[PDB]
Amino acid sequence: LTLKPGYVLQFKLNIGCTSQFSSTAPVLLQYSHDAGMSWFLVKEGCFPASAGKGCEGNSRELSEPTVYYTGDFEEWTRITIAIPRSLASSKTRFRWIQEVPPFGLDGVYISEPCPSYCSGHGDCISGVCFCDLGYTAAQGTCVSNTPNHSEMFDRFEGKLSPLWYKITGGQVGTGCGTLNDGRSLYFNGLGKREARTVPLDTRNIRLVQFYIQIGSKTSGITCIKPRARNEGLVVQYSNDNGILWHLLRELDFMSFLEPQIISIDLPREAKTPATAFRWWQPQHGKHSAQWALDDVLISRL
């Protein structure tokens, strides 16, 4: 199929309703310009250490590879990719290869840009939006039937805040020791490690605050010392429920061997009726220092 730059690739994925990870066979989303014999990943990943083409200088958008590890896909998960200039070349073929539970695909939609990409709350079919449950079509896009939550606070002492949209590769735990107090949100997963909020109404939010630790000098095998720059963390916001992420703060791989507090004053652009936040470690969990958050606070101050 022929593609133009700002087009969009969409699908759903459920590998085998597993919480358990396997390194045996992840689903690789790959493309083909020469239609068959050569395969590259749709996204290689744009990482802190990366310096090639499509990921250089101050224009880069730090981004995960299109590689999907068994165990990170318990339920059905919609993936929406904005087709970059970088690969808007010739008629592209797409591959979903596993190399082991069989992966369930669904709703493979390739389309021209919808109004505001359906705000991340609908399927973009041939250029206009098909909103999911809880959302209705409005001004070309998909808007929530109800307003969004604003403030958030999680101390990680028991049940996770319902304002977490998805926690991948992590759970309430103690593997890096004490951060502020009690238990923390602890990341030891072997695939992707990401804490991601639901979209919030940040129009009057001033502060995003949290404690962080990445690795340890002394805590042992549950919190090993980081070795490479891609084991640092990226804190990002999105105004379209995760289609496009913008940098809030990059946390250096060697600067958080002991717990530290981080307080981020939100920029204007991150103050909307529907802005989600995420904490993500770019390098694959299998070879990466574990990390933890404590007392995540999103506040009007």
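Start at 1 and count along the sequence shown; that's the residue number.
A chain break between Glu99 and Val100 is present, corresponding to 4 to 9 residues of the deposited sequence without coordinates. Mean CA B-factor, 155-163 versus 109-117: the higher value falls on 109-117. Of the two stretches examined, 21-29 and 283-291, the record assigns the greater average C-alpha temperature factor to 21-29. Residues shown: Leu257, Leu233, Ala276, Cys55. Highest C-alpha temperature factor in the entry: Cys55. Per the deposited record, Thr92 carries the highest C-alpha B-factor of all listed residues (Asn188, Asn180, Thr92, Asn204). The entry lists a Cα temperature factor for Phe253 that places it in the lowest third of the chain's modelled residues.
In the PDB entry, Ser38 places in the highest third of its chain by CA B-factor.
Ranked by Cα temperature factor within the chain, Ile261 sits in the lowest third according to the deposited record.
In the PDB entry, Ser144 places in the middle third of its chain by CA B-factor. When all modelled residues of the chain are sorted by CA temperature factor, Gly175 is found within the lowest third.
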